[PDB]
Structure formats: structure tokens, C-alpha cells
């Protein structure tokens, strides 16, 4: 990412803070309702509204994204283990990362309408695209 991109992402995710996991859970829920082809990857989950399993997984995703922002300059070594999990073991179709990235943007917009400028929208999209490239890099 460019210098301006780094600044807009760190700033936006700074002002997410403790809400990180709550936001992650909402993005998974928006994903499961809008794109029903993604429910097949979680047969061992209660995918009903308010589900405790979705809340706990929400926080795991959020914490993975917080590490990514904190290691923006060395992203393939901050997410190395999750490419193995996502590509080799689970065989997650690459389109699905684009569906989660989009629901994660619809969440940041509904909750942070003051920070969700068109320039910050563009910075977060390149950031989630980069995260998506690293997690599909074992294909």
C-alpha cells in the first residue's frame, strides 16, 4: 500500500477499537444472509441470529485484521498460517473473500459514517484486497 493508504487504514481501524469483534460478527451475519453459498463452509455452526459461535468467530477475524494493520508492511508473514488453513485444508473458493470484504465495508459504513469518506473507502478496499491476495496465495 501507498503512504496515504497506510494512514487512512490505521486511522479508521484505530477508531473501531473495542468494537472490532462485534463488527466482525455482523459482517459474517450479513455474508450468510446476502450470499447463502457461504453457509456450506460452516456445517458445524449454529448460523441463526445472535449465535454465540458467530460472535466468537467474529472476534478471531477482527483480531486477524488488527494484526494485519499492525504489520501492514510485512503482510505475507503476519497471515502466513491462515493461507494454509483457507487454501490447502478448507478449499475456500476465491470469490468468497470478495463477498466478505464487501460485507465488512457495509458494516464499517453503517457504524462510522463520519470516517467513511470516499478516500478512506478506497484505502480500506485496497487493504482488504491485499489481505484477500495473501490468504489465496497457496493457489
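Numbering follows the first chain given and starts at 1.
K.L.:
Mean C-alpha B factor from the entry: is it higher for 97-105 or for 44-52?
P.N.:
Averaged over C-alpha atoms, the B-factors run higher in 44-52.
K.L.:
Look over 61-69 and 74-82 in the entry and identify the one with the greater average Cα temperature factor.
P.N.:
Result: 74-82.
K.L.:
Would you please rank residue 38 by its C-alpha temperature factor against the other modelled residues of its chain and give the third it falls in: lowest, middle or highest?
P.N.:
For residue 38, the deposited C-alpha B-factor lands in the middle third.
K.L.:
Please place residue 4 in the lowest, middle or highest third of its chain according to the CA B-factor in the PDB entry.
P.N.:
It falls in the middle third of the chain.
K.L.:
When the deposited Cα B-factors of this chain's modelled residues are ordered and cut into thirds, is residue 122 in the lowest, the middle or the highest one?
P.N.:
Its C-alpha B-factor belongs to the lowest third of this chain's values.
K.L.:
Name the third of the chain's ranked CA B-factors that contains residue 18, choosing lowest, middle or highest.
P.N.:
Its C-alpha B-factor belongs to the highest third of this chain's values.
K.L.:
Quick check for you: using the entry's CA B-factors within this chain, is residue 89 in the lowest, middle or highest third?
P.N.:
Middle third by C-alpha B-factor.
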